[PDB]
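Next comes start27.cif, with mmCIF, N, CA, C and O atoms.
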```
data_start
#
loop_
_atom_site.label_atom_id
_atom_site.label_comp_id
_atom_site.auth_asym_id
_atom_site.auth_seq_id
_atom_site.Cartn_x
_atom_site.Cartn_y
_atom_site.Cartn_z
N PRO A 1 149.60 6.44 -197.49
CA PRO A 1 149.05 5.62 -196.42
C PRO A 1 149.91 5.72 -195.16
O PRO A 1 150.92 6.43 -195.15
N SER A 2 149.49 4.99 -194.14
CA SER A 2 150.22 4.98 -192.88
C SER A 2 150.50 3.54 -192.45
O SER A 2 149.92 2.60 -192.99
N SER A 3 151.39 3.41 -191.48
CA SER A 3 151.76 2.10 -190.97
C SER A 3 152.53 2.25 -189.66
O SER A 3 152.90 3.35 -189.27
N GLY A 4 152.74 1.11 -189.00
CA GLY A 4 153.45 1.10 -187.74
C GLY A 4 152.61 0.45 -186.64
O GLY A 4 151.40 0.66 -186.57
N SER A 5 153.29 -0.32 -185.80
CA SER A 5 152.61 -1.00 -184.71
C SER A 5 153.38 -0.78 -183.40
O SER A 5 152.83 -0.25 -182.44
N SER A 6 154.64 -1.19 -183.41
CA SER A 6 155.49 -1.04 -182.24
C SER A 6 156.87 -1.62 -182.52
O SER A 6 157.88 -0.92 -182.42
N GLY A 7 156.88 -2.90 -182.86
CA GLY A 7 158.13 -3.59 -183.15
C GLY A 7 158.34 -4.77 -182.20
O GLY A 7 157.40 -5.22 -181.55
N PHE A 8 159.58 -5.24 -182.16
CA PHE A 8 159.93 -6.36 -181.30
C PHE A 8 161.21 -6.07 -180.52
O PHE A 8 161.87 -5.06 -180.74
N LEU A 9 161.53 -6.99 -179.61
CA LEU A 9 162.72 -6.85 -178.79
C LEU A 9 163.60 -8.09 -178.97
O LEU A 9 164.70 -8.00 -179.51
N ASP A 10 163.09 -9.21 -178.50
CA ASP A 10 163.81 -10.47 -178.59
C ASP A 10 165.14 -10.35 -177.84
O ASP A 10 165.66 -9.24 -177.66
N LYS A 11 165.64 -11.49 -177.40
CA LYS A 11 166.90 -11.53 -176.67
C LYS A 11 167.53 -12.91 -176.82
O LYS A 11 166.83 -13.92 -176.79
N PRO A 12 168.88 -12.91 -176.96
CA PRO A 12 169.62 -14.16 -177.11
C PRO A 12 169.73 -14.89 -175.77
O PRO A 12 169.25 -14.40 -174.75
N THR A 13 170.36 -16.05 -175.82
CA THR A 13 170.55 -16.86 -174.63
C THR A 13 171.92 -16.59 -174.01
O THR A 13 172.88 -16.29 -174.71
N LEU A 14 171.96 -16.69 -172.68
CA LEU A 14 173.20 -16.46 -171.96
C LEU A 14 173.14 -17.21 -170.62
O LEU A 14 173.83 -16.84 -169.67
N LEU A 15 172.32 -18.25 -170.59
CA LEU A 15 172.17 -19.05 -169.39
C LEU A 15 171.64 -18.17 -168.26
O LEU A 15 171.55 -16.95 -168.41
N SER A 16 171.30 -18.82 -167.16
CA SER A 16 170.77 -18.11 -166.00
C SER A 16 171.84 -17.17 -165.44
O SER A 16 173.03 -17.37 -165.67
N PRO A 17 171.36 -16.14 -164.68
CA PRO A 17 172.26 -15.17 -164.09
C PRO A 17 172.98 -15.77 -162.88
O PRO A 17 173.90 -15.16 -162.33
N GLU A 18 172.54 -16.96 -162.49
CA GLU A 18 173.14 -17.64 -161.36
C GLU A 18 174.26 -18.57 -161.82
O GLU A 18 175.32 -18.63 -161.21
N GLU A 19 173.98 -19.28 -162.91
CA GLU A 19 174.96 -20.20 -163.47
C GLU A 19 176.27 -19.48 -163.75
O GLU A 19 177.35 -20.07 -163.63
N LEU A 20 176.15 -18.21 -164.12
CA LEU A 20 177.32 -17.40 -164.42
C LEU A 20 177.92 -16.89 -163.12
O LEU A 20 179.12 -17.04 -162.89
N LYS A 21 177.07 -16.29 -162.30
CA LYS A 21 177.51 -15.75 -161.02
C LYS A 21 178.43 -16.76 -160.34
O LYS A 21 179.31 -16.38 -159.57
N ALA A 22 178.20 -18.03 -160.65
CA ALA A 22 179.01 -19.10 -160.07
C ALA A 22 180.48 -18.69 -160.10
O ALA A 22 181.11 -18.56 -159.06
N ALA A 23 180.99 -18.51 -161.31
CA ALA A 23 182.38 -18.13 -161.50
C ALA A 23 182.48 -16.60 -161.55
O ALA A 23 183.32 -16.01 -160.88
N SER A 24 181.60 -16.01 -162.35
CA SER A 24 181.58 -14.57 -162.50
C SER A 24 181.83 -13.90 -161.14
O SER A 24 182.39 -12.80 -161.08
N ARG A 25 181.41 -14.59 -160.09
CA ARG A 25 181.58 -14.07 -158.74
C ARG A 25 183.01 -13.57 -158.55
O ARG A 25 183.23 -12.37 -158.37
N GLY A 26 183.94 -14.50 -158.58
CA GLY A 26 185.34 -14.17 -158.40
C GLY A 26 186.01 -13.89 -159.75
O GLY A 26 186.91 -13.06 -159.84
N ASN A 27 185.55 -14.60 -160.77
CA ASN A 27 186.09 -14.44 -162.10
C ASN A 27 185.63 -13.11 -162.68
O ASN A 27 186.06 -12.71 -163.76
N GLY A 28 184.75 -12.45 -161.94
CA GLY A 28 184.22 -11.16 -162.36
C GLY A 28 185.26 -10.05 -162.16
O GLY A 28 186.06 -9.79 -163.05
N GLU A 29 185.20 -9.43 -161.00
CA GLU A 29 186.12 -8.36 -160.67
C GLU A 29 186.03 -8.00 -159.19
O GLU A 29 185.43 -8.74 -158.41
N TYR A 30 186.63 -6.88 -158.84
CA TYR A 30 186.62 -6.42 -157.46
C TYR A 30 186.10 -4.98 -157.36
O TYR A 30 185.95 -4.30 -158.37
N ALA A 31 185.83 -4.57 -156.13
CA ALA A 31 185.33 -3.22 -155.89
C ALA A 31 185.54 -2.87 -154.42
O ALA A 31 185.62 -3.75 -153.56
N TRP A 32 185.62 -1.57 -154.16
CA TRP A 32 185.82 -1.08 -152.81
C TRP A 32 184.47 -0.63 -152.26
O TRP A 32 183.64 -0.09 -153.00
N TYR A 33 184.27 -0.86 -150.97
CA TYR A 33 183.03 -0.49 -150.32
C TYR A 33 183.30 0.42 -149.12
O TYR A 33 184.09 0.08 -148.24
N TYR A 34 182.62 1.56 -149.12
CA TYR A 34 182.77 2.52 -148.04
C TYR A 34 181.53 2.54 -147.14
O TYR A 34 180.40 2.52 -147.64
N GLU A 35 181.78 2.58 -145.84
CA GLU A 35 180.69 2.61 -144.88
C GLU A 35 179.66 3.66 -145.27
O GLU A 35 180.01 4.72 -145.78
N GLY A 36 178.40 3.34 -145.00
CA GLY A 36 177.31 4.25 -145.32
C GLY A 36 176.21 4.18 -144.25
O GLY A 36 176.51 4.04 -143.07
N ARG A 37 174.98 4.29 -144.72
CA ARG A 37 173.84 4.24 -143.82
C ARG A 37 173.49 2.79 -143.47
O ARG A 37 173.66 2.36 -142.33
N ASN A 38 173.00 2.08 -144.48
CA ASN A 38 172.63 0.69 -144.29
C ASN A 38 173.82 -0.09 -143.74
O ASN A 38 173.70 -0.80 -142.74
N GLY A 39 174.96 0.07 -144.40
CA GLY A 39 176.18 -0.60 -143.99
C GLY A 39 177.38 -0.12 -144.80
O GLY A 39 178.15 0.71 -144.34
N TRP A 40 177.49 -0.66 -146.01
CA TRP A 40 178.58 -0.30 -146.89
C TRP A 40 177.98 0.05 -148.26
O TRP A 40 176.92 -0.45 -148.62
N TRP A 41 178.69 0.91 -148.97
CA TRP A 41 178.25 1.34 -150.29
C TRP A 41 179.42 1.19 -151.26
O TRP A 41 180.57 1.40 -150.88
N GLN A 42 179.09 0.83 -152.49
CA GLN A 42 180.10 0.65 -153.51
C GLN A 42 180.36 1.96 -154.24
O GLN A 42 179.42 2.68 -154.60
N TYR A 43 181.64 2.25 -154.45
CA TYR A 43 182.03 3.47 -155.14
C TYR A 43 181.49 3.49 -156.57
O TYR A 43 180.69 2.64 -156.95
N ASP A 44 181.96 4.48 -157.33
CA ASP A 44 181.53 4.62 -158.71
C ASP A 44 182.25 3.57 -159.57
O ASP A 44 181.61 2.65 -160.08
N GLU A 45 183.55 3.75 -159.70
CA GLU A 45 184.36 2.83 -160.49
C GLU A 45 185.82 3.29 -160.51
O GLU A 45 186.73 2.48 -160.33
N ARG A 46 185.99 4.59 -160.73
CA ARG A 46 187.33 5.16 -160.77
C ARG A 46 187.86 5.39 -159.36
O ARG A 46 188.97 4.99 -159.03
N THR A 47 187.03 6.05 -158.55
CA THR A 47 187.40 6.34 -157.18
C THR A 47 188.03 5.11 -156.52
O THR A 47 188.90 5.24 -155.66
N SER A 48 187.56 3.95 -156.95
CA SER A 48 188.07 2.70 -156.42
C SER A 48 189.35 2.29 -157.15
O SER A 48 190.28 1.78 -156.53
N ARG A 49 189.35 2.54 -158.45
CA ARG A 49 190.50 2.21 -159.27
C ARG A 49 191.78 2.75 -158.64
O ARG A 49 192.88 2.25 -158.91
N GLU A 50 191.61 3.76 -157.80
CA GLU A 50 192.74 4.37 -157.12
C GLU A 50 193.05 3.63 -155.82
O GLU A 50 194.21 3.44 -155.47
N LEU A 51 191.99 3.21 -155.15
CA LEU A 51 192.13 2.49 -153.90
C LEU A 51 192.87 1.18 -154.16
O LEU A 51 193.59 0.68 -153.29
N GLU A 52 192.67 0.64 -155.35
CA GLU A 52 193.32 -0.60 -155.74
C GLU A 52 194.73 -0.33 -156.26
O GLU A 52 195.69 -0.97 -155.83
N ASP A 53 194.81 0.62 -157.18
CA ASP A 53 196.09 0.98 -157.77
C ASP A 53 197.08 1.31 -156.65
O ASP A 53 198.21 0.81 -156.65
N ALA A 54 196.63 2.14 -155.73
CA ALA A 54 197.47 2.54 -154.61
C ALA A 54 197.82 1.31 -153.77
O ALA A 54 198.99 0.97 -153.61
N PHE A 55 196.78 0.66 -153.27
CA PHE A 55 196.96 -0.53 -152.45
C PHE A 55 197.92 -1.51 -153.12
O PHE A 55 198.87 -1.97 -152.50
N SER A 56 197.63 -1.81 -154.38
CA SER A 56 198.45 -2.73 -155.15
C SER A 56 199.87 -2.17 -155.29
O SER A 56 200.83 -2.79 -154.83
N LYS A 57 199.95 -1.01 -155.92
CA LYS A 57 201.23 -0.36 -156.13
C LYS A 57 202.08 -0.49 -154.86
O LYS A 57 203.29 -0.71 -154.93
N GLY A 58 201.41 -0.36 -153.72
CA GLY A 58 202.09 -0.46 -152.44
C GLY A 58 201.74 0.73 -151.54
O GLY A 58 202.09 0.74 -150.36
N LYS A 59 201.06 1.70 -152.13
CA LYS A 59 200.67 2.89 -151.40
C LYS A 59 199.82 2.48 -150.19
O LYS A 59 198.99 1.58 -150.28
N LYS A 60 200.07 3.17 -149.08
CA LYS A 60 199.34 2.89 -147.85
C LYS A 60 198.16 3.86 -147.74
O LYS A 60 197.04 3.44 -147.44
N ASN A 61 198.45 5.13 -147.97
CA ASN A 61 197.43 6.16 -147.89
C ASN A 61 197.35 6.89 -149.23
O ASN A 61 198.34 7.43 -149.71
N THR A 62 196.15 6.89 -149.79
CA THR A 62 195.92 7.55 -151.07
C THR A 62 194.92 8.69 -150.91
O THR A 62 193.86 8.51 -150.30
N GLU A 63 195.28 9.84 -151.46
CA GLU A 63 194.42 11.01 -151.39
C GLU A 63 193.58 11.14 -152.66
O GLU A 63 194.11 11.06 -153.77
N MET A 64 192.29 11.33 -152.46
CA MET A 64 191.37 11.47 -153.58
C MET A 64 190.60 12.79 -153.50
O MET A 64 190.30 13.26 -152.41
N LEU A 65 190.31 13.33 -154.67
CA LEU A 65 189.58 14.59 -154.74
C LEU A 65 188.25 14.36 -155.46
O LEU A 65 188.21 14.18 -156.67
N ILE A 66 187.18 14.37 -154.67
CA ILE A 66 185.85 14.17 -155.22
C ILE A 66 185.27 15.51 -155.66
O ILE A 66 185.91 16.55 -155.50
N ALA A 67 184.07 15.44 -156.23
CA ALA A 67 183.40 16.64 -156.70
C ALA A 67 183.58 17.76 -155.67
O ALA A 67 182.78 17.89 -154.74
N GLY A 68 184.63 18.55 -155.87
CA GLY A 68 184.92 19.65 -154.98
C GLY A 68 184.95 19.18 -153.52
O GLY A 68 184.35 19.81 -152.65
N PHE A 69 185.64 18.07 -153.30
CA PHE A 69 185.75 17.51 -151.97
C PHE A 69 187.09 16.79 -151.78
O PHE A 69 187.29 15.70 -152.33
N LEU A 70 187.97 17.42 -151.02
CA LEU A 70 189.28 16.85 -150.76
C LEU A 70 189.15 15.72 -149.74
O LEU A 70 188.91 15.97 -148.56
N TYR A 71 189.30 14.50 -150.23
CA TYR A 71 189.20 13.33 -149.37
C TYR A 71 190.52 12.54 -149.36
O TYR A 71 191.29 12.60 -150.32
N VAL A 72 190.74 11.84 -148.26
CA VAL A 72 191.95 11.04 -148.11
C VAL A 72 191.57 9.64 -147.62
O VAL A 72 190.99 9.49 -146.55
N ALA A 73 191.92 8.66 -148.44
CA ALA A 73 191.63 7.27 -148.11
C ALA A 73 192.90 6.59 -147.61
O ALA A 73 193.93 6.62 -148.29
N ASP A 74 192.80 6.00 -146.43
CA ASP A 74 193.93 5.31 -145.84
C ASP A 74 193.67 3.80 -145.83
O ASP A 74 192.73 3.34 -145.19
N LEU A 75 194.51 3.08 -146.56
CA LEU A 75 194.38 1.64 -146.65
C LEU A 75 194.97 1.00 -145.39
O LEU A 75 194.59 -0.11 -145.01
N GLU A 76 195.90 1.72 -144.78
CA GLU A 76 196.55 1.24 -143.57
C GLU A 76 195.50 0.81 -142.54
O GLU A 76 195.58 -0.28 -141.98
N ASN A 77 194.54 1.70 -142.32
CA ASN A 77 193.48 1.43 -141.36
C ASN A 77 192.21 1.00 -142.12
O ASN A 77 191.21 0.64 -141.50
N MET A 78 192.30 1.07 -143.44
CA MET A 78 191.18 0.69 -144.28
C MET A 78 189.99 1.63 -144.06
O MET A 78 188.86 1.17 -143.87
N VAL A 79 190.28 2.92 -144.08
CA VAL A 79 189.25 3.92 -143.88
C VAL A 79 189.51 5.11 -144.80
O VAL A 79 190.42 5.07 -145.62
N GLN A 80 188.70 6.14 -144.63
CA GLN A 80 188.84 7.35 -145.44
C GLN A 80 188.30 8.56 -144.67
O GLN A 80 187.17 8.55 -144.19
N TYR A 81 189.15 9.58 -144.58
CA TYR A 81 188.78 10.80 -143.88
C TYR A 81 188.92 12.02 -144.80
O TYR A 81 189.69 11.99 -145.76
N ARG A 82 188.17 13.06 -144.47
CA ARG A 82 188.20 14.28 -145.24
C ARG A 82 189.56 14.97 -145.09
O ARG A 82 190.05 15.15 -143.98
N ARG A 83 190.13 15.35 -146.23
CA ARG A 83 191.42 16.02 -146.23
C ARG A 83 191.47 17.09 -145.15
O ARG A 83 192.31 17.05 -144.26
N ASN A 84 190.54 18.04 -145.26
CA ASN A 84 190.47 19.12 -144.30
C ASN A 84 189.72 18.65 -143.05
O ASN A 84 190.19 18.84 -141.93
N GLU A 85 188.57 18.03 -143.29
CA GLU A 85 187.75 17.53 -142.20
C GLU A 85 188.21 16.13 -141.80
O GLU A 85 187.59 15.13 -142.18
N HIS A 86 189.29 16.09 -141.03
CA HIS A 86 189.85 14.83 -140.57
C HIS A 86 188.78 14.06 -139.79
O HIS A 86 188.75 12.83 -139.83
N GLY A 87 187.94 14.81 -139.10
CA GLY A 87 186.87 14.21 -138.31
C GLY A 87 185.99 13.31 -139.18
O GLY A 87 185.83 12.12 -138.88
N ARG A 88 185.45 13.89 -140.23
CA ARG A 88 184.59 13.15 -141.14
C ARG A 88 185.38 12.05 -141.84
O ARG A 88 186.27 12.34 -142.65
N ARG A 89 185.05 10.82 -141.51
CA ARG A 89 185.72 9.67 -142.11
C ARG A 89 184.85 8.42 -141.98
O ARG A 89 183.97 8.36 -141.12
N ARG A 90 185.13 7.46 -142.84
CA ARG A 90 184.38 6.21 -142.84
C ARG A 90 185.32 5.03 -143.10
O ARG A 90 186.47 5.22 -143.48
N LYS A 91 184.79 3.83 -142.87
CA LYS A 91 185.57 2.62 -143.08
C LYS A 91 185.41 2.16 -144.53
O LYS A 91 184.44 2.51 -145.19
N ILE A 92 186.38 1.38 -144.97
CA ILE A 92 186.36 0.86 -146.33
C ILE A 92 186.74 -0.62 -146.31
O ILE A 92 187.53 -1.06 -145.48
N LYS A 93 186.14 -1.36 -147.24
CA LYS A 93 186.40 -2.78 -147.34
C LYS A 93 186.36 -3.20 -148.81
O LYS A 93 185.45 -2.81 -149.55
N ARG A 94 187.35 -3.99 -149.20
CA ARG A 94 187.43 -4.47 -150.57
C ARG A 94 186.60 -5.74 -150.75
O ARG A 94 186.87 -6.75 -150.11
N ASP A 95 185.60 -5.64 -151.62
CA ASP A 95 184.73 -6.76 -151.88
C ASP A 95 184.83 -7.15 -153.36
O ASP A 95 185.30 -6.36 -154.18
N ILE A 96 184.40 -8.37 -153.65
CA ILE A 96 184.44 -8.87 -155.02
C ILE A 96 183.12 -8.53 -155.72
O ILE A 96 182.05 -8.67 -155.14
N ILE A 97 183.25 -8.08 -156.96
CA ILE A 97 182.08 -7.72 -157.75
C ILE A 97 182.07 -8.54 -159.04
O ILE A 97 183.05 -9.21 -159.37
N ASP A 98 180.95 -8.47 -159.74
CA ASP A 98 180.80 -9.20 -160.99
C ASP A 98 180.68 -8.20 -162.14
O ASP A 98 179.58 -7.88 -162.58
N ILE A 99 181.84 -7.75 -162.60
CA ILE A 99 181.89 -6.80 -163.70
C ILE A 99 182.34 -7.51 -164.97
O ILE A 99 183.22 -8.38 -164.92
N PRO A 100 181.72 -7.11 -166.11
CA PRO A 100 182.05 -7.71 -167.40
C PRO A 100 183.40 -7.19 -167.91
O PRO A 100 183.45 -6.52 -168.94
N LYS A 101 184.44 -7.51 -167.17
CA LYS A 101 185.78 -7.08 -167.53
C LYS A 101 186.48 -8.20 -168.31
O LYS A 101 186.72 -8.07 -169.51
N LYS A 102 186.78 -9.28 -167.60
CA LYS A 102 187.44 -10.42 -168.21
C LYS A 102 186.84 -10.67 -169.59
O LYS A 102 187.57 -10.75 -170.58
N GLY A 103 185.52 -10.79 -169.62
CA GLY A 103 184.82 -11.03 -170.87
C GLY A 103 185.37 -10.14 -171.99
O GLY A 103 185.96 -10.65 -172.95
N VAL A 104 185.17 -8.85 -171.83
CA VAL A 104 185.64 -7.89 -172.82
C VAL A 104 187.14 -7.67 -172.63
O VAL A 104 187.56 -6.65 -172.08
N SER A 105 187.91 -8.64 -173.10
CA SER A 105 189.36 -8.56 -172.99
C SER A 105 189.88 -7.37 -173.80
O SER A 105 189.26 -6.96 -174.78
N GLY A 106 191.03 -6.86 -173.37
CA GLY A 106 191.64 -5.73 -174.04
C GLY A 106 193.14 -5.67 -173.75
O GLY A 106 193.59 -4.85 -172.95
N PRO A 107 193.90 -6.57 -174.43
CA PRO A 107 195.34 -6.62 -174.25
C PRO A 107 196.03 -5.45 -174.96
O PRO A 107 195.40 -4.75 -175.76
N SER A 108 197.30 -5.27 -174.64
CA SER A 108 198.08 -4.20 -175.24
C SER A 108 199.47 -4.70 -175.60
O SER A 108 199.87 -5.79 -175.19
N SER A 109 200.18 -3.89 -176.38
CA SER A 109 201.52 -4.24 -176.80
C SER A 109 202.49 -4.11 -175.63
O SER A 109 202.36 -3.21 -174.80
N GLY A 110 203.45 -5.03 -175.59
CA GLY A 110 204.45 -5.03 -174.53
C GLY A 110 205.68 -4.22 -174.94
O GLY A 110 206.23 -4.43 -176.03
#
```
Just give me the structure of the file as structure tokens.
Amino acid sequence: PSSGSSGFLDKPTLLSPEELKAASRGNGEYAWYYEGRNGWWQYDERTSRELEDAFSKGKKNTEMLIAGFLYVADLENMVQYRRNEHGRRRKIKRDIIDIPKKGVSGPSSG
């Protein structure tokens, strides 16, 4: 014989996406935003991890290499210009994001 219909999905509770955003806003995480068309655009995740690591570490200007693209981000002026193409450059701004980081804790040995 045969059988099958489709199945189900169902979903647990986690309160509204706003009730969380309340804290998740700042309690979430951060992200770097680079000037774009509309206004600013958020990086991938790693590319920023450097903008923060550098900035935090104390680095003023951090050089990044994108998909076959030598780029240089300067926190001093809060911008980013092409390694070779100094002309091509955009502004950058650190904004707060809501990433599920804190939630998924991951401590390490000291």
Residue with smallest distance to residue A:61 - pool A:3, A:77, A:38, A:105, counting all atoms listed in the file: A:77
Out of A:7, A:28, A:17, A:1, which residue has the shortest atom-to-atom distance to residue A:103 when counting all atoms listed in the file? A:28
Please report, as a PyMOL selection string, each residue of chain A to which DSSP assigns strand (DSSP E) when run on this structure's backbone. chain A and resi 29-35+40-42+61-66+69-74+79-82+89-97
Please save N, CA, C and O atoms of the selected residues as a tab-separated table (two decimals), keeping the file's coordinate frame.
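In the end it all went to part.tsv:
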```tsv
chain	number	residue	atom	x	y	z
A	29	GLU	N	185.20	-9.43	-161.00
A	29	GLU	CA	186.12	-8.36	-160.67
A	29	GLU	C	186.03	-8.00	-159.19
A	29	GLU	O	185.43	-8.74	-158.41
A	30	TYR	N	186.63	-6.88	-158.84
A	30	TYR	CA	186.62	-6.42	-157.46
A	30	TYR	C	186.10	-4.98	-157.36
A	30	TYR	O	185.95	-4.30	-158.37
A	31	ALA	N	185.83	-4.57	-156.13
A	31	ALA	CA	185.33	-3.22	-155.89
A	31	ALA	C	185.54	-2.87	-154.42
A	31	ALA	O	185.62	-3.75	-153.56
A	32	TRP	N	185.62	-1.57	-154.16
A	32	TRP	CA	185.82	-1.08	-152.81
A	32	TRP	C	184.47	-0.63	-152.26
A	32	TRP	O	183.64	-0.09	-153.00
A	33	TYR	N	184.27	-0.86	-150.97
A	33	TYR	CA	183.03	-0.49	-150.32
A	33	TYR	C	183.30	0.42	-149.12
A	33	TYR	O	184.09	0.08	-148.24
A	34	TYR	N	182.62	1.56	-149.12
A	34	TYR	CA	182.77	2.52	-148.04
A	34	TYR	C	181.53	2.54	-147.14
A	34	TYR	O	180.40	2.52	-147.64
A	35	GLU	N	181.78	2.58	-145.84
A	35	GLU	CA	180.69	2.61	-144.88
A	35	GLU	C	179.66	3.66	-145.27
A	35	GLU	O	180.01	4.72	-145.78
A	40	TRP	N	177.49	-0.66	-146.01
A	40	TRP	CA	178.58	-0.30	-146.89
A	40	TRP	C	177.98	0.05	-148.26
A	40	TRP	O	176.92	-0.45	-148.62
A	41	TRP	N	178.69	0.91	-148.97
A	41	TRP	CA	178.25	1.34	-150.29
A	41	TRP	C	179.42	1.19	-151.26
A	41	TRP	O	180.57	1.40	-150.88
A	42	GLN	N	179.09	0.83	-152.49
A	42	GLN	CA	180.10	0.65	-153.51
A	42	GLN	C	180.36	1.96	-154.24
A	42	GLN	O	179.42	2.68	-154.60
A	61	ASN	N	198.45	5.13	-147.97
A	61	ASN	CA	197.43	6.16	-147.89
A	61	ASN	C	197.35	6.89	-149.23
A	61	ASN	O	198.34	7.43	-149.71
A	62	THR	N	196.15	6.89	-149.79
A	62	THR	CA	195.92	7.55	-151.07
A	62	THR	C	194.92	8.69	-150.91
A	62	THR	O	193.86	8.51	-150.30
A	63	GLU	N	195.28	9.84	-151.46
A	63	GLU	CA	194.42	11.01	-151.39
A	63	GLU	C	193.58	11.14	-152.66
A	63	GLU	O	194.11	11.06	-153.77
A	64	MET	N	192.29	11.33	-152.46
A	64	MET	CA	191.37	11.47	-153.58
A	64	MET	C	190.60	12.79	-153.50
A	64	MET	O	190.30	13.26	-152.41
A	65	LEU	N	190.31	13.33	-154.67
A	65	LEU	CA	189.58	14.59	-154.74
A	65	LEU	C	188.25	14.36	-155.46
A	65	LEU	O	188.21	14.18	-156.67
A	66	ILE	N	187.18	14.37	-154.67
A	66	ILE	CA	185.85	14.17	-155.22
A	66	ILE	C	185.27	15.51	-155.66
A	66	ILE	O	185.91	16.55	-155.50
A	69	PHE	N	185.64	18.07	-153.30
A	69	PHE	CA	185.75	17.51	-151.97
A	69	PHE	C	187.09	16.79	-151.78
A	69	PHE	O	187.29	15.70	-152.33
A	70	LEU	N	187.97	17.42	-151.02
A	70	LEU	CA	189.28	16.85	-150.76
A	70	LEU	C	189.15	15.72	-149.74
A	70	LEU	O	188.91	15.97	-148.56
A	71	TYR	N	189.30	14.50	-150.23
A	71	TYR	CA	189.20	13.33	-149.37
A	71	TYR	C	190.52	12.54	-149.36
A	71	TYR	O	191.29	12.60	-150.32
A	72	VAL	N	190.74	11.84	-148.26
A	72	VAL	CA	191.95	11.04	-148.11
A	72	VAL	C	191.57	9.64	-147.62
A	72	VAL	O	190.99	9.49	-146.55
A	73	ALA	N	191.92	8.66	-148.44
A	73	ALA	CA	191.63	7.27	-148.11
A	73	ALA	C	192.90	6.59	-147.61
A	73	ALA	O	193.93	6.62	-148.29
A	74	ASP	N	192.80	6.00	-146.43
A	74	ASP	CA	193.93	5.31	-145.84
A	74	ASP	C	193.67	3.80	-145.83
A	74	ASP	O	192.73	3.34	-145.19
A	79	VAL	N	190.28	2.92	-144.08
A	79	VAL	CA	189.25	3.92	-143.88
A	79	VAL	C	189.51	5.11	-144.80
A	79	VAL	O	190.42	5.07	-145.62
A	80	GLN	N	188.70	6.14	-144.63
A	80	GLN	CA	188.84	7.35	-145.44
A	80	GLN	C	188.30	8.56	-144.67
A	80	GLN	O	187.17	8.55	-144.19
A	81	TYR	N	189.15	9.58	-144.58
A	81	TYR	CA	188.78	10.80	-143.88
A	81	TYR	C	188.92	12.02	-144.80
A	81	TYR	O	189.69	11.99	-145.76
A	82	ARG	N	188.17	13.06	-144.47
A	82	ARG	CA	188.20	14.28	-145.24
A	82	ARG	C	189.56	14.97	-145.09
A	82	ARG	O	190.05	15.15	-143.98
A	89	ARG	N	185.05	10.82	-141.51
A	89	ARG	CA	185.72	9.67	-142.11
A	89	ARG	C	184.85	8.42	-141.98
A	89	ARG	O	183.97	8.36	-141.12
A	90	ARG	N	185.13	7.46	-142.84
A	90	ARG	CA	184.38	6.21	-142.84
A	90	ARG	C	185.32	5.03	-143.10
A	90	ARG	O	186.47	5.22	-143.48
A	91	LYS	N	184.79	3.83	-142.87
A	91	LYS	CA	185.57	2.62	-143.08
A	91	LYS	C	185.41	2.16	-144.53
A	91	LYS	O	184.44	2.51	-145.19
A	92	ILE	N	186.38	1.38	-144.97
A	92	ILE	CA	186.36	0.86	-146.33
A	92	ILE	C	186.74	-0.62	-146.31
A	92	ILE	O	187.53	-1.06	-145.48
A	93	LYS	N	186.14	-1.36	-147.24
A	93	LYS	CA	186.40	-2.78	-147.34
A	93	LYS	C	186.36	-3.20	-148.81
A	93	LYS	O	185.45	-2.81	-149.55
A	94	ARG	N	187.35	-3.99	-149.20
A	94	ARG	CA	187.43	-4.47	-150.57
A	94	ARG	C	186.60	-5.74	-150.75
A	94	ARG	O	186.87	-6.75	-150.11
A	95	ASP	N	185.60	-5.64	-151.62
A	95	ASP	CA	184.73	-6.76	-151.88
A	95	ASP	C	184.83	-7.15	-153.36
A	95	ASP	O	185.30	-6.36	-154.18
A	96	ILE	N	184.40	-8.37	-153.65
A	96	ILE	CA	184.44	-8.87	-155.02
A	96	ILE	C	183.12	-8.53	-155.72
A	96	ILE	O	182.05	-8.67	-155.14
A	97	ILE	N	183.25	-8.08	-156.96
A	97	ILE	CA	182.08	-7.72	-157.75
A	97	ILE	C	182.07	-8.54	-159.04
A	97	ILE	O	183.05	-9.21	-159.37
```
I would like the residues chosen by the PyMOL selection byres (((chain A and resi 85 and name CA) around 10) and name CA) on the shown file; could you give them as a PyMOL selection string? chain A and resi 69-72+81-84+86-89
I'd like to see the residues matched by the PyMOL selection byres ((chain A and resi 49-58) around 8) on this file, and ideally I'd get them as a VMD selection string. chain A and resid 30 to 32 44 to 48 59 to 63 73 75
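For the pair atom CA of residue A:39 and atom CA of residue A:80, the interatomic distance is 15.0 Å.
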Identify all residues of chain A in helix (DSSP H, G or I) (DSSP on the backbone) and supply them as a PyMOL selection string. chain A and resi 17-28+46-57
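For the choices A:110, A:11, A:66, A:34, the atom-to-atom distance to residue A:92 is smallest for A:34 when using only C-alpha atoms.
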For residue A:27, list every protein, DNA or RNA residue within 6 Å, evaluated using only N, CA, C and O atoms, and leave out those in the same chain fewer than 6 positions away; present the list as number ranges by chain. A: 97, 99, 102
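Between atom CA of residue A:23 and atom CA of residue A:42 lies a distance of 20.5 Å.
Comparing A:93, A:100, A:78, A:68 by their smallest distance to residue A:40, the closest is A:93 (using only C-alpha atoms).
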Find the distance between atom C of residue A:91 and atom N of residue A:37 and write it in Å to one decimal. 10.6 Å
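Using all atoms listed in the file for every distance, the candidate list A:65, A:98, A:21, A:33 yields A:33 as the residue closest to residue A:79.
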